[PDB]
Every structure is written in C-alpha cells, then in structure tokens.
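Peer 1:
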C-alpha cells in the first residue's frame, strides 16, 4: 500500500489536470501522515489547493527525501514506476525518469541478504529498466544518462546488473537488437565506477573463454558459449573508448581476448575486435593515470597508424571494407596463424614500449601466464591461437614447457590418424619458432628442433610447410648465433641427435624415400625443394634464404668460399640454381 | 587531368583561370543518365579546380564579394546534395564528390567560408557532416571555437559511426588549436570506433570545458540552441545535457558591462525560450535541466518571459515554476516586487477602470 499509493500520488501530481494535482497532493499528505513518512518542506492536507502543472522539482524533492528517509518504498516504487512509465506519453516518460532517478541507490539494500525474493525483485526491476531502455528509442540518451548513470555509481549491484544485461543479450545473441543496445548501454554502467564494471565485464569474458575449455568443441564459433563471448566482445568495443579511463589494470586481459577473437566469427565481430585494439592503443596514448614518454607515445601513435593500414585489416579477417568502424556499428579467411603472429608481435611491441616506462606493472607476466594456460590446456579451438601467442610474447622458457609443446604436436598428429589437428600442428611449430631463440645456449633442443622442422615439412601440408620452414629458418639463425657450426658441419650436428633416434629415423627415411644417413645434404635439400612449389612467394623466398644459410654453413666449417662446389655444398648449389644470380654467375 | 598536371603547366593568371572555370562548370551542375554522368564529371572536375584555390571576383568590398561568390558555389553544392538525399552508386559518388568540392572550397577560402560551413555542420546528412568536420580538422591544425565545439559535441552523439569518429577528431583538433584544458586526455586518430551511447563522455567534456573555457559560453550556447532546432529528439536531448553546465557561465557576461554581451545573453535567453515553447516532448525535461539551472540575470529572464508572452504565455508561466526553485527567495522577491511596482505604476498614469 505505501509504495503503490505513493507512486500514484507522485505521478498524478505531474498531470495536466488541475483537480488531479490537488487530489494527488492530498493523497501524498494522507500517506505521509498514515505512514509517518518523514518529510522536509512540510505537507498540509486541504481541499481546493490549486497546484501548478510544472511542479517536477517539488515532486523530485519529495521523492529523494523519501528515498533517503523511507527506503522500503523503493522496491515497490521502481516496479510501479516502470509499469506507469511504459503506459504513459513521452512527456510523462521524461518526468517519470526524473522522479525515478534518486531511488536507485536503495536497490543495494535489498541485495545484501542473498535470499531469493528480495534479490529477485531487484533483478526484475533491473530487467524492466533494461526493457524500458530497449523500447523507448527516443528517450534513449535520457534513460542512459540519468537512470543508467545513477546505476553506474552503485558498485554492489553491478554483478546483478551485468547478469541482467548479459541474459537480456542472451535472448538472441549477436545480431539481436536486445544485445546491440545492451552493449551501447554498458558504457553508461561503467561511467560511474569504471574500474569495477569493466573488471567484471572483462572478468566474465576471461572466465567464459576458460569455460570453453571446461567442455571443448572442435571450432570456437560452434561452441556452447559462443553467444556469451560474442555479447561480451560487443560490450568490450563500446567500453573500449571509455577504457581510455580504464586500461591500466586490464591491458593484458584485453589482449588475451583479442588473441582468441582476432579474426573469428561473423564479419561484424571481426570489425568490432579490430576496433577494440584501435581504441585500446588510443587509450594507452591517453590515460590521465599513465605518464608514458614522448618515445613511448610516438610508438603508440605510429601503432595506431599501423593498425589503421590495410595490412592489419587482412590480419583481423577484414577484407572488402573501407572502414572497420562502419561495419562494427561467413567468408572466414580460414584463419592463418601467421596473421595472429603478426598482430601479437605488434601488440607485444606496444606492451614492451609501455613496460619500460611503467616498472611497477606485471602485464607481460600476466599475459604470459594467461596465454600459457590456454596454450597447454586441451581446447582445439583456442589452444592453437594461445600457443602462437605464448610463443610470441614469452621472455623465458623451460625444457618442461617444450616437452608439453612437442607432446601437443605429437598428439595433434595422432588426431590426424583418427583440419583442427593441422592448425594445432602449425601453431606448435610457430610456437617452437618463437620459443627456440629463448632456449638455453647448451640445450640439446636447438638441434632437436631442426628435426622437428624436417618432420613437419615431410607432412605435405601448405601451412605446415610454411611453419616448418619458418621454424627451420629461425633454427639455423639460432644455431649460428650459438656459434655451433664454426667447428662442425650441420650434417654432423644434426645426425648426432639422430643417432639414438636412428632406429626410428630409418623407418621414417624408408617411408619418405629420402635418406639422410646416405647423404645428409641432399635429403635436407629434398625437403627444401618442395618449398619452391609453395603457392606463396614469401615461402619460396624463405626457402631460398634457408638454402643460402645452409650453403654458407656447410662451407663455414671447412673455411671455404660459400660457392666452392664440393660433395656437401653441391646439393644446395643445385637447389639454388633457378633462384640465385650469385650461384648462376 | 589538366588540374593534376597543373603542377607541370604554366599560368599567367592561374587563380582567375580556375575561378572562371569553376564558374563555367558550375552552370552544368543541374538522357537523364548522361546528364547525371555530366553532373558527376563536372563535380570531379570542380573538386580538382577547387584544390588550394583562393576565390577571385572580377579591397574591403572584394572580401565581401569573395564571400558572396563563396555563398553561391556553396549553396549550389548544398542543393545538389539535397537532390541526392548502379543508379544508387552513381548518386552516392556524386554526393561524395560534392562533399569533397565543399571541402576543397573551404580549405582554401577560410575567411569567406567558415560561417557558411557551420551551416554544413548542422546539415541533415551525417556522411557529409563527418567529412566536413575532417575539413575543419585540416584548417584548425594548419592555423570558430564555439561553433566548431558544438558541431563536434553534437555529432559525437550520432547514430552514424563514421560521424562519431570524425567528430572526436574535430574535438581533438579544437582542443589542440585552442589549447582547451581537458581532463581524461584526448588523442587524435583515424578509425577510432566510438560507441553511439557516449552521452556521459560528451557531458563530462562539456562541463569541464564550461569551467575551463567560459569565453566560449555565449558563442557556444547560441550555436547549440540553433542546432536544437535542426536536430532529432535524441540529439535535442543530448544538447540539453551538454548545455546544462554552460548556462552557469552566462552570469559572467551580464556582470560584464558591454551592451553587446548583455544583448547576446538576452538573445540566448530568448532562443532558450523559443526552444522551450517549440520542443514540447522535451518540455518537462527542458524545464528540469535548463530552467532550474538558470534559476541559480533574473530580471532579464523575467522581462524576456513577459515580452515574449506579450501557448507562449502559458509556457512562460509554467516555466517560471522551475525558475523559482533556484534561490526561491530572490526569484519570488523580484516577481512580487515587479507586481507591487507595476501596481504603483498604474497610479503614475491613472485610468478610470483597472
């Protein structure tokens, strides 16, 4: 009775009808006396009191004084407000939101208890306020500024608010106008207490990405939780411009989200994810809490420029668009891990630049842990992406981590006996590429990884061969940086590691029909020669660099000139014959 | 092609030549398919002709004649874009070219152009607005504050994403060019995909500016209120929120003794009244934001209400309720005081019947 009658009094005090205003005013007086409602600017019952039509500032004053004084009314009052609001005219709807504005504060009181009924009716009030927001497209900045800005102040409730937003978005997932407006509204939630709201949104995203691994599916877009991720990615774009206030706690977690999403799903989500990064880099150039140098700021400015280039559009699985923004507000490029590698090193150069200036951060270590967790754990959709990223970002590695990676490579090849497996193989090989410069100078593994690359090339899959040659290219740079060739042929070094393996290697070579024991240089060249077929001119040119490297190395242990033809160099020279003007002359 | 090669060619009177060429080709800017291709081609040529072109009619009158010639070309381009507002793509290409024509015309002719250009900033077409704001961006970092600040802020509101990014870059440019002191610092860049709901950000920028940059207030508020009349209901609402901080500054201008500044405050209050009368949906919300804040001048306010009343009169009565909530005692003291003084004034020149 107190709440229902108080709303009907207050709302009627608004009216264009004069008799209605007088009657309402007498009802307010009666409620005040009967329920002893403590009121400033005291209230007097009487007939014929000719109250003005514009009294909004009086109704509002009464309401918030009541909202402080008589808080139990709030549960009933806001429920009744939204019921009357939805029925009323647009003029009455402006008035209605103005009087609603103070009440929102009390909504936390009911929530502390965690018994269903109280928490449920606040949750229903939030869903009704959300519904109201979706419906009244011409009240839209008004609702968001006053209702959602006030709710944005209120920390405790934000988990209930976000689960209401997310469940509202869940009603149809990405492409549902319910979700679309909810994302745009989510910025209003953050605007009051940015750090907690964004921490809960990003936290839900991270936790839900982890939940994908709790029950795996082969492909991420298919996953049981795909809509939940897609919704949060939508929110993250909108928030990301406000993240110009936020980023300093978050930056790793946002790149963790980018890493999984970077070119996935329908093209609007890709555009969103490009925008997410652009906005984060811009936010890192201006957060008033940070103090980056002119060099670091210049690096970020040039990074914005770089991310704005068509190169980065192709990396994010955007093609055939002038502006990512326009589409942000399927023709999957079947995702090329080399694109994620490129993005990840660029985001790494952004983070590294910043981390020099902020010595008190843990950002790259947290990103390393987050990526590491997903790289090692079994989840077919995410694990490849994670491996690539972990490899790119890491600053140290252990033989136990390499064991896990090469075990993942092996298990992925077992799964090929039984597309996803291949992408996991490519990922592991890219990971090995980035990780092998990190490995200790006296580790056997540098030499071992040359054979991992050889085995990968043997597979005959276009992207696997590209990855194996990247691994091999980087491996030979690594071993030359370790001086290892200076007193030995590559043949002796790699064949020593084969000797224990030799029982296994014999079976490989006899099924391949290449035999390194009989002639090492020609077998290695046999593998490399397929690289000349490769559809991509970049992989051919890499293959040529590898042959040049090997040619130089074989002669390096003799102390010969690199073009001295001999029983070891000749294979490389014959391989190089269509591609090197230096060899030809 | 000739204009592309203009850097190679020789000219005795290049500026006059290009001026006369735009004058001629603009006559062509008006079988239907071919005439529309002629419009496209003519406009593409005009975009080439206008590229660093100072205007030259055939000294103080010359600057005013240059402004009048600017207004002719500019109006013709506006009409052509209104007419725009395979057949679809040709129209969009003509529109994009027309926008670039305005852009180049402005980029050279700044002293003649800027005032009319603000009229582009209001214009109903969001794509044209966004591009025009990038043109303003070129002028302002090369070498106005109130008019441009409103067109930035109001456009940050838009449903169009490209418009929001463009506006945000314009705000950044104005901030740098006019050294406008801002919290939560602002970074110029392409492709920044700003949300549609950013009202709390636009508002925060506005009131921080309203504290920091009071000299803008008259220039800004008048242009905002003009933009109110142009806008959708959503953009009208947003205008109120960001206007609200600025109102407070208006006292500084009537504390100032300049008759022109006192007049401009009075004209702002008249335009606030005009908006208050016209924009009925908003009207309870307008009263709450605008008239409450203004209630915190008040002779001038009441004379503006009374003179405008002299629905207008009813709205002024009903709005006076909001106005009174400010310092109740002073507002009511002035209303009642005017009543008493006017009743006394009846005796200063009597009539038989009241």
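Protein chains in written order, with the deposited numbering: chain B, 1829 to 2157, 2171 to 2259, 2264 to 2430; chain A, 1021 to 1050, 1061 to 1088, 1092 to 1118, 1133 to 1190, 1829 to 1981, 1985 to 1998, 2005 to 2048.
C-beta: ideal position from N, C-alpha, C; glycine also.
1. Can you check which of these residues, B:2099, B:2082, B:1832, B:2367, is closest to residue 2111 of chain B by C-alpha distance?
2. Mapping the DSSP letters down to three states, classify residue 2195 of chain B as helix, strand or coil.
3. Can you list, in chain order, the residues of the segment 2132-2156 of chain B whose Cβ is nearer than 7 Å to any Cβ on chain A?
4. If you follow the alpha helix (DSSP H) that residue 2015 of chain B is part of, which residue opens it and which one closes it?
5. In chain B, which residues lie less than 7 Å from residue 1872 of chain A when you measure between Cβ atoms?
6. Could you check the C-alpha separation between residue 2156 of chain B and residue 1878 of chain A for me, to the nearest Å?
7. On the three-state DSSP scale, how would you describe residue 1155 of chain A?
8. What residues of chain A sit near residue 1926 of chain B, judged by a beta carbon separation below 8 Å?
9. For residue 1870 of chain A, count neighbouring C-beta atoms within 10 Å of its own C-beta (all shown protein chains included) and say buried if the count is 16 or more, exposed if not.
10. How is residue 2029 of chain A classed by DSSP in three states: helix, strand or coil?
11. Do residue 2271 of chain B and residue 1966 of chain A have their CB atoms nearer than 8 Å?
12. How far does the alpha helix (DSSP H) with residue 1907 of chain A in it reach, from first residue to last?
13. What does a CB cutoff of less than 7 Å around residue 2019 of chain A pick up in its chain, not counting 5 residues either side in sequence?
14. I need the DSSP call for residue 1898 of chain B, collapsed to helix, strand or coil.
15. Classify residue 1948 of chain A as helix, strand or coil using the three-state DSSP reduction.
16. Does any C-beta atom of chain A lie closer than 8 Å to the C-beta of residue 2094 of chain B?
17. Roughly how many angstroms lie between the CA atoms of residue 1025 of chain A and residue 1150 of chain A, to the nearest whole one?
18. Curious, which full-length beta strand (DSSP E) runs of at least 3 residues does the segment 2357-2389 of chain B contain?
19. Figure out for me which residue from B:2410, B:2036, B:2061 has the closest Cα to the Cα of residue 2262 of chain B.
20. Could you compute how far the alpha carbon of residue 1930 of chain B sits from the alpha carbon of residue 1898 of chain B?
21. Grouping DSSP H, G and I as helix and E and B as strand, with all else coil, what is residue 1878 of chain B?
22. Quick one: list the residues of chain A neighbouring residue 2431 of chain B, beta-carbon separation under 7 Å, in chain order.
23. Between residue 1946 of chain A and residue 1939 of chain A, what straight-line distance do the alpha-carbon atoms span, to the nearest angstrom?
24. Please list the partners that residue 1966 of chain A has in chain B, where partner means a Cβ-to-Cβ separation under 7 Å.
25. Near residue 1910 of chain B, which residues of its chain fall below 6 Å by C-beta distance, leaving aside the five closest residues on each side in sequence?
26. Can you confirm whether residue 1913 of chain B, when its beta carbon is compared against all beta carbons of chain A, has any partner nearer than 8 Å?
27. On the DSSP letters alone, give me the boundaries of the alpha helix (DSSP H) that residue 1831 of chain B sits inside.
28. Just the C-alpha distance for residue 2179 of chain B and residue 2357 of chain B, rounded to the nearest angstrom, thanks.
29. Could you pull out every residue in the same chain whose Cβ sits closer than 8 Å to the Cβ of residue 2141 of chain B, ignoring the five residues on either side in sequence?
30. Where residue 2385 of chain B and residue 2233 of chain B are concerned, what is the direct C-alpha to C-alpha distance, given to the nearest angstrom?
31. Can you list the residues of chain B that residue 2015 of chain A reaches, using a CB-CB cut of under 9 Å?
32. For the alpha helix (DSSP H) containing residue 2064 of chain B, name the first residue and the last one.
33. Compute the Euclidean distance between the alpha carbons of residue 2089 of chain B and residue 2334 of chain B, then round it to the nearest angstrom.
34. Hey, how far is the Cα of residue 2043 of chain A from the Cα of residue 1993 of chain A?
35. Does the Cβ-Cβ distance between residue 2080 of chain B and residue 2207 of chain B come in under 8 Å?
36. In angstroms, rounded to a whole number, what distance separates the CA positions of residue 1883 of chain B and residue 1988 of chain B?
Peer 2: Here's the rundown:
1. B:2082
2. helix
3. Within the segment 2132-2156 of chain B, the residues whose Cβ lies closer than 7 Å to some Cβ of chain A are 2132, 2136, 2151, 2152, 2153, 2154, 2156, listed in chain order.
4. Start and end: 2005-2020.
5. 2110, 2113, 2114
6. If you draw a straight line from the Cα of residue 2156 of chain B to the Cα of residue 1878 of chain A, it is about 8 Å long.
7. In the three-state reduction of the DSSP assignment, residue 1155 of chain A falls in the helix class.
8. 1969, 1970, 1973
9. exposed
10. In the structure shown, residue 2029 of chain A adopts helical secondary structure according to DSSP, grouped into three states.
11. Going by C-beta atoms, residue 2271 of chain B is not nearer than 8 Å to residue 1966 of chain A.
12. 1901-1915
13. 1977, 1980
14. Assigned with DSSP and collapsed to three states, residue 1898 of chain B falls in coil, not helix or strand.
15. helix
16. no
17. 21 Å
18. Inside the segment 2357-2389 of chain B, DSSP marks no whole beta strand (DSSP E) run of 3 or more residues.
19. Here residue 2262 of chain B is not present, the numbering of chain B passing from 2259 to 2264 in one jump.
20. 12 Å
21. coil
22. Lying before the first or after the last residue shown, residue 2431 of chain B is absent from chain B, which here runs from 1829 to 2430.
23. 7 Å
24. 1918, 1919
25. 1956, 1960
26. no
27. 1830-1841
28. 27 Å
29. 2102, 2147, 2149, 2152
30. 23 Å
31. 1880, 1881, 1882, 1883, 1884, 1885, 1886
32. First-last of the alpha helix (DSSP H) with residue 2064 of chain B: 2054-2074.
33. 44 Å
34. 24 Å
35. One thing to note: residue 2080 of chain B has its Cβ within 8 Å of the Cβ of residue 2207 of chain B.
36. 34 Å
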